[PDB]
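> Got a structure for you, written out below as structure tokens; questions coming shortly.
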Amino acid sequence: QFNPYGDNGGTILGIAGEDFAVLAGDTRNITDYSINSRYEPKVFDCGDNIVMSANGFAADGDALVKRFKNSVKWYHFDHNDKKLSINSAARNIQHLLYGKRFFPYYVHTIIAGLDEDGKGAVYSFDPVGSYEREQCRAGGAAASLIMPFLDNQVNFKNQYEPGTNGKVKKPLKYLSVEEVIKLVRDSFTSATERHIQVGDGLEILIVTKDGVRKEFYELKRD
Amino acid sequence: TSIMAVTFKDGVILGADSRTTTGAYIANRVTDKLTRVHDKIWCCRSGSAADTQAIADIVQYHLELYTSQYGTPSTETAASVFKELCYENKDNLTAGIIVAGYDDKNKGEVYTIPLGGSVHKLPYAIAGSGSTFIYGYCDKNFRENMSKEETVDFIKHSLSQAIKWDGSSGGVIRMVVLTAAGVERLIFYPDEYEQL
Amino acid sequence: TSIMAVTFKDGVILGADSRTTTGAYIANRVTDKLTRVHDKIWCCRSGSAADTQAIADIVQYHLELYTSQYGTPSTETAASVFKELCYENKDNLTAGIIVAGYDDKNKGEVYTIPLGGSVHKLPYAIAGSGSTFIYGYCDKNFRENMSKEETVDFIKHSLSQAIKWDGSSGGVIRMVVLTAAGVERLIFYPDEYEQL
Amino acid sequence: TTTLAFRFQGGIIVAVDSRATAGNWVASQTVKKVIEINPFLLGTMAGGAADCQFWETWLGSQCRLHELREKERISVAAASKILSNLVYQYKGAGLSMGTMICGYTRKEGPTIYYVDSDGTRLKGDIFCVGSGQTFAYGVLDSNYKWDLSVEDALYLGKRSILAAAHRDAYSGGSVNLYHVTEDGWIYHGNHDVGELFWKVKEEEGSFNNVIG
Amino acid sequence: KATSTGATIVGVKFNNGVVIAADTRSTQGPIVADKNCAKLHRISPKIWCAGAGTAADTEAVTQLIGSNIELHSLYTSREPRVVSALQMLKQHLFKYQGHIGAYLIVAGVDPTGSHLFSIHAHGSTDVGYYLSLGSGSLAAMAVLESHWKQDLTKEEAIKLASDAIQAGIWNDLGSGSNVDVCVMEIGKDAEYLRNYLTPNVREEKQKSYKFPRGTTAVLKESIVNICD
Amino acid sequence: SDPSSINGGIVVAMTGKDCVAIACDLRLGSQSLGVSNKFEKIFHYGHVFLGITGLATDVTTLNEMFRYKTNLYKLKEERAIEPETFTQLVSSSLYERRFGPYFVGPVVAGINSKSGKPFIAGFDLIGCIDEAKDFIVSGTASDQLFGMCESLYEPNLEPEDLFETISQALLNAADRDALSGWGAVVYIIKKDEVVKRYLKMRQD
Amino acid sequence: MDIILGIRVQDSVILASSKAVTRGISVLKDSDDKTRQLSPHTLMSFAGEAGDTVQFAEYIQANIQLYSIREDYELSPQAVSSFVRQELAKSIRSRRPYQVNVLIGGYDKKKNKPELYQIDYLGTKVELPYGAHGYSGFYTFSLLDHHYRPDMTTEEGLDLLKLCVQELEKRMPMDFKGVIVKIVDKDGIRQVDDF
Amino acid sequence: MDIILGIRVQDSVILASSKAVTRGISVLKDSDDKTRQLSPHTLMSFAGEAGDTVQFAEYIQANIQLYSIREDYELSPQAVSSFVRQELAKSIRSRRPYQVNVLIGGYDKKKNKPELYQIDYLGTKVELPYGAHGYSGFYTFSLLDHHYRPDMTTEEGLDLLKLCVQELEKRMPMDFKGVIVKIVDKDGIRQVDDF
Amino acid sequence: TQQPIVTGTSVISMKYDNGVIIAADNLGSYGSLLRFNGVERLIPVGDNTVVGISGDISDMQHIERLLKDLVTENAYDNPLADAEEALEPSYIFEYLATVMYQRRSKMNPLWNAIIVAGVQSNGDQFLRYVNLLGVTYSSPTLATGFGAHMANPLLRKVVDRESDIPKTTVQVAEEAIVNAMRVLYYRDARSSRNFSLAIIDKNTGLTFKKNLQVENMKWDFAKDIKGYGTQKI
Amino acid sequence: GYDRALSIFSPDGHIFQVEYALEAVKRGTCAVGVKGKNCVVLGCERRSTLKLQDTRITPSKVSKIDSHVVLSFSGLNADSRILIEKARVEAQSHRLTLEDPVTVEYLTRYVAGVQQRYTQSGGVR
Ligand SMILES: [Mg+2]
Ligand SMILES: [Mg+2]
Ligand SMILES: [Mg+2]
Ligand SMILES: [Mg+2]
């Protein structure tokens, strides 16, 4: 029997800062126990200061990103070159995904950018289009390894101020782009150690009011 | 079923057994598996009898309409029509067809169309359940540009062995010879080929 | 797998390919499928490698104990021991074994033991997945009382064709010659038999 | 998931947990399970997250079109029936929905409809839906009165979700509270279950089984 | 839910003996459980055993036969032979009809000479000059088929073996981390080279995650009594 | 249906400088229903500590079995069993049930009384030993624990620093698992003193 | 069988068990006592598959009675619950397992403490202040979590139990025909004949 | 939906329908009215799959109300029952059939006769003196067979109906939360508010 | 669904400093029967592209006709059909990738694994993969089926990352490809000795080599191998 | 299907088919509506050119659309039946989906919409 779905592995991570946002993903592409590519870009600049990744089944992922990029193009045509805001993009992606409710895109989608007040934004989708604005979201193979670490190190969960013994929480102080990138790199370095599908390379797209910047880092290749 | 088609110096010859089975019961022991789709384009049929008859009838219709408009079709054209039907309807068909024909420009040509609906132009082709047992024999004994008598002997000996080992094959060996001279039918009985 | 054993004037020769597959992967391309159960009683193995090795090891033990008590066993006796194991444990075994041996009283003898655990004494036997493709060739080319060189050629040509068509067969052609003179091993490489 | 809604003297209380799980894996603790259909209507999320989100936003669009055409606020009866008729068309296809459509109009008063993906549409006073529904029902049934104050009703809804959050493995994170009035719903904050549990334990004397 | 690790295991024969090698990754599904396990085992002093498949079955079967081999060696006043280990392993495995998922490369030296075999869970055995097993067997065999020749030296065989393991490490997701090697030469003691290569060292972390003391909220403290 | 995730729970063990730590959650459940918040999963036989996750009836049975066996060991050997030896006993005992196994994920932790060397080990349900230098994880949130431990862990942590590391590893892993939590215990083990600490955590 | 509840208060254990016996279509009985006295100060209620429930309970009862006669001594509730757990843990890997869930309510005369043990058919034992089997806990535990106190009197325990039964009668689809309630304390076992 | 009963007496038809709505684990409502007035002198009760029951009933109601307005005339109970049967007979070979069983209680003003029709989801129609759907008949028909008389008064019909409900409450495993009872006669449709 | 029938095995390929190399054997298998021995599975498109196809042969022949039709169509009303508006490897791949993904989305896939190898207008190497699921990826080395498991490890030892490409000559690349084909012949039971090899170079153009054979095979060591354990004779 | 545009604009901006439909109304018997403080009365003319009529069964000029709304008309009698049927169906449809009977304005808006549709649809007058 023909199985229309597959699993290309990969792990992605979106973090929203105070006036910035990062969307990171490993560059390894796999099937079963084989490596297809050590560098296959997974996070894409979609224009209008929006970055997107659709992790999971890569054919559906590529199709979705392609259709969204196309939607941005036609949004400009139909609405006098108006900039597509991150919230509008998110709602649009819901409809793209739910359009195939009974034959879904087998992907976990994350988009990142800035909202209309210039604050960092990350949106997270399930395969059939349910979505949510979030501060922090890992997706794909090593998501279960990364999220607990982020709960602890970004949101300071289970951390209390010394001396008070559980009475006063550690205050949620804002993180810089340099601080977030450190946590992203250490998330992926740890995930590379303990997850076989994670490795080769890490590509991070950083979004600010100045535009979209890219950073690349090597990961272990075993 | 044991079927084959072999090109030789003067053209091509199609060969076939005459056994049609329903399980272990021989429903027809004198079947004619060599079917005419055009004057000098014939085919050997294997697989579903209903499917291959339906396909052949449609091809014969297509080539008859082709001839009325564009004149005599090539053997390649006939094979293409067979392939189109077999490929496009692969999900609903069990048909393995060998197409053999004689042009004056191209001479004897053989095309085999296996289950998937692919086409393969070959010097000779074998098919059917009985063909498995004669791959070794046919590969060792086939030569290009044989005479009519040699090709008749090659097919007779080959199908004799296929019949000997395959329970689904048997009866008489039928043959159709395609040359510039015309169309000749041949038949060989058990008492002849069993003693080979 | 392609295996065969052929009786001839001076005794018997066993032949085999050397390919062992796990699905489409060739796990061993230089397998030795010709196994010794006694000095001049050998066998060719087909089916489950685990099963046929287990059976052969038990038979070798039985014939070793037989020899200590009653002297050299006949080839028939060896075939009987093989059959007893294959028949009685037919539900739990996938084994197709050809037993070949040389006595001085009986000379060269071949017994085939197919899946069910029946025994068949034959002038020659073929087995394995590749054997299907050479039933026609072997039946046409076998003669009784061939010379050593003719029998080597017959087996070499037969297994060459079996290897050519069967994906599960390949590698080198191994042979073991059983005569009054003793036991001789032969090996033939692809560059030799592929050009036949 | 644990979601509830109940009618009372001061309107409707809607209370939900915040946890979403995929098997044993907690996917989120910050899920918005109350869908703000419009400033007057609320829906609760249970079953399929997408199915509830999508079709209840869609419902908001249909409600907006209705009041543009009819120059009048849509009834809770009419609004709930648009949704139930829609999902009934899809019956058999595999939609997953268990929701309470909550509203407060002039002609009806405070009204709650349980709408469900096999086509069920039930009007009622108290509804509770989700994996932790039985736990919340216990607290609701034993403490519910029509003449509850807005303050006490809000606490009852909060306490009932907490009861479920504690016992049901697939409920927790935080509690979201809403109070639906005739002039529209009013949001009554997000309440972390971790902090709420200890606060309630001390102040109420409940959960003596748990060491704090 | 038993451990079945990904692996690359190989065996290579040379001039005066045999060498076996393996990677050092143990998997749980897609998760790397042990980043430096030892897949090379002992059966007897000069007979060693590389294992793949169901981890518990490989270890258990290698230890059982190793135990019976020691008793057999003491009983017969003779150093144990590889064919004895081979025969005892295959008859055990065959009796359980593959339900003991042990796939092994056996290699060693004895009075008869140097030997190299492979054993499959159902009880079949093979002979060879070069063999490979594990999820990275195809990656390793590709290297062995490309570079293996007759009359290898000790240093060449170690290089070929470790190169075959490396092919598995990089290209097979089931295999990774380090390369273990064990060399068994005739007339000499067998030398086990634990972590012969370590090409996958963890890079320095960008940040230390040492918490300030008192970070974790605590409800109760109590001294535990371990003494009598 | 899956026996190893009916009751839920987790165990984690770590090595430090001249010390080991072993920790577990306190939850026992019947799938979605929380049943007990006092179900401790760590036991000890002399100075050797054993954590067991998985099916709770087997957790109890194995504890009783290893108490049985280590008590006879001590009477005959005239000394307390060591972590290395006990590890082999656990492995042996589990593999004897090869085709009808206990559905558990045991974890051994302890310090060898003669060498002073810290020791930890893990097992699958059938006896396969994982002897890691750094950390061992087990239970329904093992993926989460692997993620926490891999990033948080560093070698040669002092006892009181190791306590913070292992506690934060457990807590944040458990909060991402529906079937784990409802309290937690951490054992800090030194050559001749062991401290047990119950942690404050969310109760949902 | 269906609903069985247990609550351990200050000085006693109270077990409540439904009276209905339903064989598919019809309710065959509405006065069935789903309990056995194992010893003077130990009571066991049970629910599970038909036939196996009573067969198991009586088998346990016979064994504890045998121990009592041999030693002229009553086993502690803890000791009895451990014996019962082992039998069920043994049973779960048998040819045909006992499909029986039990609550063991006992008063320990040595410690002067009531004790409630919950054991399912797998041999999963837990000591609890209050417990249940099947779906009973889903409806009742939120009420017990709220109102329960370790210093409750027997009368307060019975009142909290009534609230639990009322919630069961309201939200459960099945008619379990009320409950038989029994109290285990220092004076032994007695049945509350009006509930 | 669960129990629906019908009885045709001398001068009226009486329909009794359970009040419970259960969606798996919990009883969501205990006051549900499983009936629709099709015309002033025709009442239809219903039970079957969730959603489809009400959807079908309201669809029928809308159609009969439409006919009533178009012709300024009330269809006979026989005519309404035939229309309903055809819709269900049509439905059973549809893509997704209505899983709905109905009782139609009407008073024919032309003939001055009460009439009860029983129709299942297949479109199987029968005119009866008394009827039921599901398991309701299994418990109640032996009582009805014994006591029923064609000349019964409405009050006697209600008493026989009470005996039927009592037997249901005794031997049925499910708690159906009592019944809503309605009477259809020459004066139209009314609800018995104490039962 | 339902099934691939007559099938072709591995297609292997790699980049080198001035272009790409692609290779595939000439066998059409019918299950375990090695039925057709003269099947060309590398199909050139123009003078800048070679499409290598594995899997179902009937679907390969259908794809072969689509590509032939693509060339015809591109020439229509196109004065620069043999110049600036000629078909690029990237155009050909994207078209196939579209078709493959559309077909899998109708639950009626073309069963194939495809590698498009070529050189672009600006001299850039093109090498990308697409299969029956519509999955696409690029790498310095690409291989299908058995090749993915056995050829890639060998080819990656030559070009392990992007920076190794300029250091790799056409002689070293072809040598590596030819060795990989030998290894596949040793170890793949559905392979043949006869294969085709194509080189697309930005300077010397398209070089298509037919009727190549696996040579320099090691078999001699087989003579010493006896029995399966204890057998000496 | 028949798609001919029967209702079209003339040079002076008139749609003659719509205006000629009004001339058919002018020919119809007189209808009158008067609303009081708590009632509405519909009066209708019956032309006495037709006697020997059976008034029991002859279509009455005022028609109930629902129990609370009525419709009278002037013009083609046969045409009016089609509007009345549509209105009655819509009235029941409204009750089914909105769970409330139509307002008089809504019912009017619906009937008026049907009439408009027949002024710019192909193949209809
Ligand atoms: Mg990795
Ligand atoms: Mg071959
Ligand atoms: Mg919870
Ligand atoms: Mg948790």
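Chains as they are written, first to last, in the authors' numbering: chain Z, 1 to 222; chain b, 1 to 196; chain N, 1 to 196; chain Y, 1 to 212; chain H, -5 to 222; chain I, 1 to 204; chain J, 1 to 195; chain X, 1 to 195; chain a, 1 to 233; chain Q, 1 to 125. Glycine included, C-beta positions come from ideal geometry on N, C-alpha and C.
Going by CA-CA distance only, name the one from b:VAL99, b:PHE142, b:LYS107 that's closest to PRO114 (chain b).
Per the Cα distances, b:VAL99.
> Could you pull out every residue in the same chain whose Cβ sits closer than 6 Å to the Cβ of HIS120 (chain b), ignoring the five residues on either side in sequence?
Within the same chain, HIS120 (chain b) has close Cβ partners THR112.
> Which word fits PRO11 (chain Q), buried or exposed, when buried means at least 16 other C-beta atoms lie within 10 angstroms of its C-beta?
So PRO11 (chain Q) ends up on the exposed side.
> I want to verify the contact list: residues of chain Z whose CB lies under 7 Å from the CB of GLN200 (chain H), in sequence order.
Ordered by position in chain Z, the residues that pass the 7 Å Cβ test against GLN200 (chain H) are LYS182, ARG185, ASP186.
> Could you tell me which chain X residues have their CB closer than 7 Å to the CB of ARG121 (chain Y), listed as they occur along the chain?
Near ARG121 (chain Y) (Cβ distances below 7 Å), the residues of chain X are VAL54.
> Give the secondary structure of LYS226 (chain a) by DSSP, where H, G and I count as helix, E and B as strand, and everything else as coil.
Coil at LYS226 (chain a), not helix or strand.
> On the DSSP letters alone, give me the boundaries of the alpha helix (DSSP H) that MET150 (chain a) sits inside.
Segment 146 to 156, the alpha helix (DSSP H) holding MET150 (chain a).
> Measure the beta-carbon distance from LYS125 (chain X) to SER18 (chain X) and round it to whole angstroms, keeping in mind my assumption that it falls under 8 Å.
With a Cβ gap of about 23 Å, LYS125 (chain X) and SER18 (chain X) do not count as contacting.
> Measuring only between beta-carbons, confirm whether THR124 (chain J) sits less than 8 Å from chain I.
So, interface residue.
> Roughly how many angstroms lie between the CA atoms of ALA125 (chain b) and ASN3 (chain Z), to the nearest whole one?
If you take the alpha carbons of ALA125 (chain b) and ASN3 (chain Z), they lie about 35 Å apart.
> Between the Cα of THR164 (chain Z) and those of H:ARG207, H:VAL121, H:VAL173, spot the shortest distance and give me the residue it belongs to.
Checked all of H:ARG207, H:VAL121, H:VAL173; the closest Cα to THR164 (chain Z) is H:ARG207.
> Determine which residues of the stretch 64 to 77 of chain X have a Cβ less than 8 Å from any Cβ of chain Q, and write them out in chain order.
Within the stretch 64 to 77 of chain X, the residues whose Cβ lies closer than 8 Å to some Cβ of chain Q are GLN65, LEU66, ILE69, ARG70, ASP72, listed in chain order.
> Any Cβ of chain I within less than 8 Å of the Cβ of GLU193 (chain Z)?
Interface residue, yes.
> In chain I, what lies closer than 7 Å to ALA89 (chain J) by C-beta?
Residues of chain I passing the Cβ test: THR57, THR61.
> Can you determine whether any heavy atom of ligand 3 sits closer than 7 Å to the C-beta of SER28 (chain Y), and answer yes or no?
No, ligand 3 has no heavy atom inside 7 Å of this Cβ.
> Taking the straight line between their C-alpha atoms, what separation do you get for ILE112 (chain Y) and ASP147 (chain Y)?
Distance between the alpha carbons of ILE112 (chain Y) and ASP147 (chain Y): 17 Å.
> Which chain N residues are close to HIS116 (chain H), counting only those with a beta carbon under 9 Å from its beta carbon?
Chain N residues near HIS116 (chain H): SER48, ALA49, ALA50, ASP51.
> Using DSSP with H/G/I as helix, E/B as strand and the rest coil, what is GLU45 (chain Q)?
Coil.
> Which residues in chain a sit within 7 Å of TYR189 (chain N), going by Cβ to Cβ distance?
What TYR189 (chain N) touches in chain a: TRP219.
> Touching or not, the stretch 3 to 14 of chain b and the stretch 151 to 159 of chain b, by the rule of three or more beta carbon pairs under 8 Å?
They touch, by the three-pair rule.
> Do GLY9 (chain I) and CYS19 (chain I) come within 8 Å of each other at the CB atom, strictly closer than that value?
Not closer than 8 Å, so no.
> Tell me where the beta strand (DSSP E) around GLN203 (chain I) begins and ends.
That residue, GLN203 (chain I), is in no beta strand (DSSP E); it is neither H nor E in DSSP.
> List the endpoints of the continuous alpha helix (DSSP H) containing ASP141 (chain Y).
Unbroken alpha helix (DSSP H) run through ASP141 (chain Y): 133 to 143.
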